[PDB]
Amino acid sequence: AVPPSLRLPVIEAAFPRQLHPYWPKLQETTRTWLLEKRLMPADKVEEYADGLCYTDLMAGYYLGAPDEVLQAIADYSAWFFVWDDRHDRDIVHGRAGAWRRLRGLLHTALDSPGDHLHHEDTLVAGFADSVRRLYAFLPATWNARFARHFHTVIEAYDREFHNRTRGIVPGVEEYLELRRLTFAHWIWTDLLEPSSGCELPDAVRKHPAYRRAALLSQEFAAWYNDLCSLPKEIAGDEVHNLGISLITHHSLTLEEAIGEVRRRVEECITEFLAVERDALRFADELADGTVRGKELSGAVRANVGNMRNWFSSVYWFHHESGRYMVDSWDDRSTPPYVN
């Protein structure tokens, strides 16, 4: 039972969940990875890790991925989450020096992950080992594009640190541009390609049907999270949320922004359904008769399928994960799973 303020019938009706066959071992390896990289303490991994559903989220998205591709994707996704918790914990304690060093370590490790596998900062070491495994699957042009995209993601996070510190809530349009980057839309879009085993040429992945579907996929995920994390994020003094920009810059009620947020999420789905047909026609055009044509068609059709998979994974993730159950915490401002 999804609460009705969050219930999306088109999702439940026409985007049935899928699950990767590797998920059971995926869940365990990542929990152990979290334990051995010391990205969380012992008792909170044992208590909270499984119930945070970070492996479920990715096992429901990257269908068809090689087990070791999925495993690296899921460690980095579990890493992405704790980096968000460390980023929010630096803000809450004005650790602007620590954030800045880490932010420069992260910028550096992203280009030379091997050189950081054993860095003193555990969070930098974990990231270096997931990114290093991420870099082994495809040519260094993919690896470079991944770095270019993550370099901008870090910078977006630095813009957030200075937004929450100086009290600035972004404007709605400033937020929609920033939210593509803090959510890391293009990271997740990049990782569609090791999951289907193929770097796409610029001409394929930048076709307007591919690009618009890839975009609407992430806009839904980012904006459904805003709808669903809004209570947690208000209680944690967070200001980066479409709901929050609409309240402070368009003088909307709490209940009015939530409907405008819900309404914008809903149109993401119906717009995706349209361009999905364009993107799938494009996949079939790519099968011109040649070998590389057949492969490029299959890779586009798998990635587009996983663009569709993202909706249901994200949707059910936000009702199953303990990360958003602010109502079950003794302290509504400090999630019990962060340090």
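One rule holds for the numbers: they count along the sequence shown, beginning at 1.
In this entry, the higher average B-factor at the C-alpha atoms falls on 252-260, of the pair 193-201 and 252-260. The stretch with the higher mean CA B factor, choosing between 207-215 and 86-94, is 86-94. Looking at 123, 178, 234, 73, the one whose CA carries the top B-factor in the deposited record is 234.
Per the deposited record, 112 carries the highest C-alpha B-factor of all listed residues (112, 143, 229, 152). Ranked within its chain, residue 129 lands in the middle third, by CA B factor from the PDB record. Ranked by Cα temperature factor within the chain, residue 308 sits in the lowest third according to the deposited record. In the deposited entry, the Cα temperature factor of residue 277 places it in the lowest third of its chain's modelled residues. Per the PDB record, residue ranking by Cα B-factor puts residue 184 in the lowest third of the chain. Ranked within its chain, residue 22 lands in the middle third, by CA B factor from the PDB record.
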